[PDB]
Structures are given as C-alpha cells and as structure tokens.
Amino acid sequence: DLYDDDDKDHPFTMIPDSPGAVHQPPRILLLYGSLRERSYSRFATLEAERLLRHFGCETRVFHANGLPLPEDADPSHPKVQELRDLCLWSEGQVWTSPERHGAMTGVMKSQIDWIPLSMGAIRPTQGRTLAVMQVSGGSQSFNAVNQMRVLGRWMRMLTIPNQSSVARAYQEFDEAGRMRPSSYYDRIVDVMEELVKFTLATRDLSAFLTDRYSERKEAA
C-alpha cells in the first residue's frame, strides 16, 4: 500500500525538497579531440577557459599527449590517473571536440572511456555539469555535440542545453590562437555563462539529486 501505487516500497520513498551553500567552481575542460600541433579545439578550449576564469571558476585543462588507447595499458598509467583525479576534482566539465569523419573524435571518446562510471567509493562524473562544444573545418554541423550529449547522459552528468558549433574554425583563430570576434565566440560565451550558472544552482544538491528510490529500495 502506497497511496494508489502498488509496487512502491513505502519506506524507500522520499519527497523531493534542503539547505547548503559553497565557496569556489572547479571546471575541467577536455580540449580532447586533437593532439594536433595547431588544434582549433585546443584554442577554443583555452578561450572557454579565459571566459570561465572571468566568470569566477577555477579551471584545469587536461592534455592527452601520451595517453594510451583505452585498456592498452594498466590504469596505473600517469596520464590515466591524472585524468581520473582531475575529473574527481571537477564539479562541471567542458568537452570540445572537432568533427572528424562526421563524429566526435577517437581521442575524446578514448578519454571518456578511461573514466569508470564508479571508481570504488567515488563516482567521478555523476551529478557534475557538462557543456559540449565542437569545431569543424567545414559547415556548422552537430554530429559531435549530439554524440557527446548522449554520452553525457550515459555519464549521469547534467548536460546543459546550450552548445556551440564552430564552422570552418581555421578562419576564426589568428596565428597566435586567439579567436576573432564572431557570433561563434558569443555563443561560446553564452555557453560558459550558462555552465557556471547551472553549476552554482546544482553543485550543492548533487548528493541529494543522486539519492534515488531504486538505490534506497535495495536496502534489503
């Protein structure tokens, strides 16, 4: 008996409603997607980092140079452990991937593949916010960001609505790597703003948001 809900375990049910505030937001940016020597995903990641630091975030950027393919080495590997620890530190993340062969990169997906959903006592991605972005040498398409939104859902991360797709990125960055004024840059600014907003509005409730009826019900 559970108020016209036959299958519910009455003790494991809880109404959603809490206090708490923090001072800070850790945001890790995964420029992943290109280890290229001039990589526009890297330059876009760094512009996003500038914007996040202006918006009040503490930012770390992981470079996958020397990261082996998933399961090509033992997880003791330094790059793997760096990525896992940085994710642990993260409260939100930024995935910026070029559109290689009409999809997210092998680098991006390899980085996420090295991250366990549950690492012992820690769940490194669950509850953390996520903003997905993509650069492209051609048209403004969304193959990469679409795949990454779905992946975010499989990381039990809160993927923010807004996203940015930079078409023909080589035309938007100078030789130094800074991005020229454009609607693309403004969309990136909107995206980073929204990411910080959503991180502030949720980072305190992550433990409560991940308290699920299913998990409590297995209290048998």
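Sequential numbering from 1, following the sequence displayed.
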* Structure fact -> For the neighbouring pair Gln24 and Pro25, the stretch of deposited sequence with no coordinates amounts to 10 or more
* To do: Identify the stretch, either 141-149 or 73-81, whose C-alpha atoms have the larger mean B-factor according to the entry.
  => 73-81
* **Of 31-39 and 45-53, the one with larger mean CA B-factor** => 31-39
* Asked: Which one, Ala64, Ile160, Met157, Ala176, has the peak C-alpha temperature factor per the PDB entry?
  -> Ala176
* Structure fact -> Of the three thirds of the chain ranked by Cα temperature factor, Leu195 occupies the lowest
* What third of its chain, lowest, middle or highest, does the C-alpha temperature factor of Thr129 fall into? -> lowest
* To do: Place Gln171 in the lowest, middle or highest third of its chain's C-alpha B-factors, as listed in the PDB entry.
  => highest
* Structure fact -> Binned into thirds over the chain's modelled residues, the C-alpha B-factor of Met108 lands in the middle
* **Relative C-alpha B-factor of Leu117, binned into the chain's lowest, middle or highest third** => middle
